[PDB]
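K.L.:
here goes the first bit of my complex:
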Amino acid sequence: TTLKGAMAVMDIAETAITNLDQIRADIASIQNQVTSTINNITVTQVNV
């Protein structure tokens, strides 16, 4: 509701975007690891 307040909110929104990008990237890394595990287990089960 004020000018400098508006610019501060701009900066806070930029920060929040960065934070959510970091968290989503963590999720993505875990997901890729799980996918590789699942492929390897699917093969090893057939061999066993």
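P.N.:
Sure thing, it's come through. Numbering: from 1, shown residues only, chains lettered A, B, ... in the order given.
K.L.:
just say helix, strand or coil for residue A:44.
P.N.:
Here residue A:44 is recorded as helix under DSSP: H, G, I helix; E, B strand; the rest coil.
K.L.:
ok, now how distant is it from residue A:3?
P.N.:
Computed with Cβ to Cβ, to the nearest Å, the distance linking residue A:44 and residue A:3 is 63 Å. Any C-beta I mention is one placed from the backbone N, CA and C, and that applies to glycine too.
K.L.:
got it, and residue A:34?
P.N.:
According to Cβ to Cβ, residue A:34 and residue A:3 sit 48 Å apart.
K.L.:
which one's more surrounded, these two?
P.N.:
residue A:34 (10 against 7; other Cβ atoms under 10 Å).
K.L.:
and whichever strand or helix holds the more buried one, what other elements does it pack with?
P.N.:
Using DSSP states H and E, the element containing residue A:34 is helix A:3-47. Contacting helix A:3-47 under the criterion 3 or more Cβ pairs under 8 Å, 6 or more residues apart in numbering; DSSP states H and E is no other helix or strand.
K.L.:
count of neighbours near residue A:45?
P.N.:
As a burial measure, residue A:45 scores 8 neighbours (other Cβ under 10 Å).
K.L.:
further, place chain B onto the existing structure:
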Amino acid sequence: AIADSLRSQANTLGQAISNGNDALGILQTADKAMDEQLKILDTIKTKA
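P.N.:
So, slotting chain B in with the rest:
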């Protein structure tokens, strides 16, 4: 004895595959839910 160990291992891996698929489901849910938060934060910054 060897056949029973191998059968136990095969069943355990067959269950671990389902565990991995459940983890995949959870992580995909979380990520596709974070997407909307990203868009909302974008809108907040644009309004500021």
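K.L.:
chain B added, so what about the neighbour count of residue A:45 now?
P.N.:
Using other Cβ atoms under 10 Å in any protein chain shown, residue A:45 is surrounded by 16 other residues.
K.L.:
spell out which parts of chain B neighbour chain A.
P.N.:
Contact residues, chain B versus chain A (Cβ under 8 Å from any Cβ of the partner chain): B:6, B:9-10, B:13-14, B:16-17, B:20-21, B:23-24, B:27-28, B:30-31, B:34, B:37-38, B:41-42, B:44-45, B:48.
K.L.:
among these, name the buried ones.
P.N.:
Listed as buried from these are B:13, B:16, B:20, B:23, B:27, B:31, B:41, B:45; burial here means 16 or more other Cβ atoms under 10 Å in any protein chain shown.
K.L.:
and which of those is nearest residue A:19?
P.N.:
Proximity of those to residue A:19 (Cβ to Cβ) peaks at residue B:41, which lies at 9.2 Å.
K.L.:
list the contacts of the closest one.
P.N.:
For residue B:41, the contact set (Cβ atoms under 8 Å, 6 or more residues apart in numbering or on different chains) comprises A:13, A:16-17, A:20.
K.L.:
skipping adjacent residues, who's closest to whichever residue of chain A sits closest to chain B in space?
P.N.:
Using Cβ to the nearest Cβ, the single residue of chain A nearest to chain B is residue A:13, 3.6 Å away. Sequence neighbours aside, residue B:45 is the residue nearest to residue A:13 in space, at 3.6 Å (criterion: Cβ to Cβ, 6 or more residues apart in numbering or on different chains).
K.L.:
one more chain, chain C:
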Amino acid sequence: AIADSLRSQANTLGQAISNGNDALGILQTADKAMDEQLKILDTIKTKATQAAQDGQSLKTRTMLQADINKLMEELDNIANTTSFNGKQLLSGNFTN
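P.N.:
Chain C goes in next, on the same frame as the chains above:
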């Protein structure tokens, strides 16, 4: 005497066939397991190349590195996990 020698040899060879089949099972397991480590290394190299550009800040290079960390953790997991009935194949204690 000759018939008993030949029967002993036939039985020993019949068991040797099963020994060979078990060795084939073990080796196939090891190889088809190692394939996934090959693919993971490919992915690691691709990600390093992706981070080697200078349109990316440290905060994104950090995401690259965090991904490589989990992938390498998975590689170690495969190596320390693939085993027949306790005999760890892809770890280094399968020598001689």
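K.L.:
and what packs on helix A:3-47, now that chain C is part of it?
P.N.:
With contacts defined as 3 or more Cβ pairs under 8 Å, 6 or more residues apart in numbering or on different chains; DSSP states H and E, helix A:3-47 has these neighbours: helix B:2-47, helix C:2-51, helix C:58-81.
K.L.:
now residue B:31, nearest residue through space, not along the chain?
P.N.:
Take residue B:31 and drop its neighbours on the chain: the residue closest to it by Cβ to Cβ, 6+ apart is residue A:27, 5.1 Å away.
K.L.:
burial check on that neighbour, number of neighbours?
P.N.:
Residues near residue A:27, counting by other Cβ under 10 Å, number 15.
K.L.:
mind putting the helices and strands packed on helix A:3-47 into TSV with distance to residue A:9?
P.N.:
Below are the helices and strands packed on helix A:3-47 laid out as TSV (distance: least, Cβ to Cβ, whole Å):
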stretch	distance to residue A:9
helix B:2-47	8
helix C:2-51	32
helix C:58-81	21
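K.L.:
hey, which of those helices is tucked in deepest?
P.N.:
helix C:58-81 (a mean of 15; mean count of other Cβ atoms under 10 Å in any protein chain shown).
K.L.:
and that one with helix C:2-51, angle?
P.N.:
170 degrees (axes from the mean of the first three to the mean of the last three Cα atoms, to 10 degrees).
K.L.:
contact partners of helix C:58-81?
P.N.:
A:18, A:21-22, A:25-26, A:28-30, A:32-33, A:36-37, A:40, C:33, C:36-37, C:40-41, C:43-44, C:47-48, C:50-51, C:56, C:88, C:90-91.
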